[PDB]
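In PDB author numbering, each residue's number is its place in the sequence shown (first place is 1) plus 7.
Take a look at the structure set out below.
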Amino acid sequence: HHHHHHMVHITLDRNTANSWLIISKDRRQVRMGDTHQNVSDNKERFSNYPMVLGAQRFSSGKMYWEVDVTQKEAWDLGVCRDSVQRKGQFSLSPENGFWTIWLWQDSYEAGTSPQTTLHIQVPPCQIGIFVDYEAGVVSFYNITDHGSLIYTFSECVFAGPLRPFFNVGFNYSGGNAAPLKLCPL
Ligand SMILES: CCC(=O)Nc1nc(C)cs1
Numbered sequence: 008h009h010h011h012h013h014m015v016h017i018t019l020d021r022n023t024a025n026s027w028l029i030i031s032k033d034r035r036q037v038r039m040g041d042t043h044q045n046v047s048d049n050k051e052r053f054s055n056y057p058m059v060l061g062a063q064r065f066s067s068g069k070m071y072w073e074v075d076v077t078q079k080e081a082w083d084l085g086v087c088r089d090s091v092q093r094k095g096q097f098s099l100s101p102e103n104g105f106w107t108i109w110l111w112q113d114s115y116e117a118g119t120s121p122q123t124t125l126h127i128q129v130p131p132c133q134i135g136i137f138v139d140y141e142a143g144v145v146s147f148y149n150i151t152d153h154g155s156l157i158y159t160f161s162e163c164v165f166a167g168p169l170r171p172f173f174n175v176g177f178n179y180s181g182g183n184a185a186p187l188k189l190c191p192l
């Protein structure tokens with residue numbers, strides 16, 4: 008792909024984070040803590056899952072960023088509407104305002120309803136995410152495999168401003184403590 012020139016500097020929004028997440032000083036890394044991180048509750052925080060939003064809101068144009076997923080066993084990445092549900096249980100689907108892929112139990116899937124199997128020969132250490140607001144496109148790229156395409160959501164109905172979306176995943180196994188990191192431009 009040749010989307011690199013639409014690169015945007017994403018930072019994480021502390022106020023949206025699940026209360027167990029630890030966001031770095033530079034707001035570019037997030038990991039699961041082993042306990043509640045001693046923050047007050049608010050209506051923005053994802054309550055049920057280890058999720059956080061980027062601070063940036065996008066309503067037009069083309070945007071590209073990269074995320075490091077090295078040594079994680081489970082995670083979700085993509086974009087979502089600014090008005091997604093924060094409290095209780097929900098599925099990741101375009102009907103609910105999410106355009107995402109994930110790793111779970113040694114398989115990669117796109118968050119369609121129902122979910123779609125992805126075909127990845129080279130397990131990615133870094134994922135590229137491309138959004139074309141006007142075209143209604145969200146695409147995912149395998150940076151470890153020379154930028155190969157992972158998945159394209161097309162005919163997207165965003166229906167609002169978009170925010171970068173992250174889930175570091177639970178760490179029941181002791182094998183998923185590693186952070187998600189926003190990679191430099
Ligand atoms: C990826 C295409 C898409 O956005 N489909 C949607 N389904 C509904 C029903 C809302 S958005």
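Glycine included, every Cβ here is placed at the ideal spot set by N, Cα and C.
Quick one: what's residue i bridged to in DSSP?
i, result
"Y158", "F147"
"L187", "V37"
"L110", "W82, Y115"
"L60", "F172"
"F65", "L169"
"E73", "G135"
"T124", "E116"
"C87", "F105, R170"
"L28", "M39"
Mapping DSSP to helix, strand and coil, what is residue i?
i, result
"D20", "coil"
"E102", "helix"
"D152", "helix"
Just mark residue i as buried or exposed, buried being the case when its beta carbon has 16 or more other beta carbons within 10 Å.
i, result
"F147", "buried"
"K79", "buried"
"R64", "exposed"
"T123", "exposed"
"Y179", "exposed"
"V59", "buried"
"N149", "buried"
"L110", "buried"
"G118", "buried"
"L156", "exposed"
"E102", "exposed"
"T107", "buried"
"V164", "exposed"
"residue 3", "The first residue shown for the chain is 8 and the last is 192, placing residue 3 beyond what the model contains."
"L192", "exposed"
"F105", "buried"
"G61", "buried"
"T23", "buried"
"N174", "buried"
"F177", "exposed"
### Task
May I ask you to verify whether the region 13–32 touches the region 65–77, counting CB pairs closer than 8 Å and requiring at least 3?
yes
### Task
Would you check if there are 3 or more beta carbon pairs closer than 8 Å linking the region 165–179 to the region 82–99?
yes
### Query
Contact between the region 149–161 and the region 38–56: three or more CB pairs below 8 Å?
no
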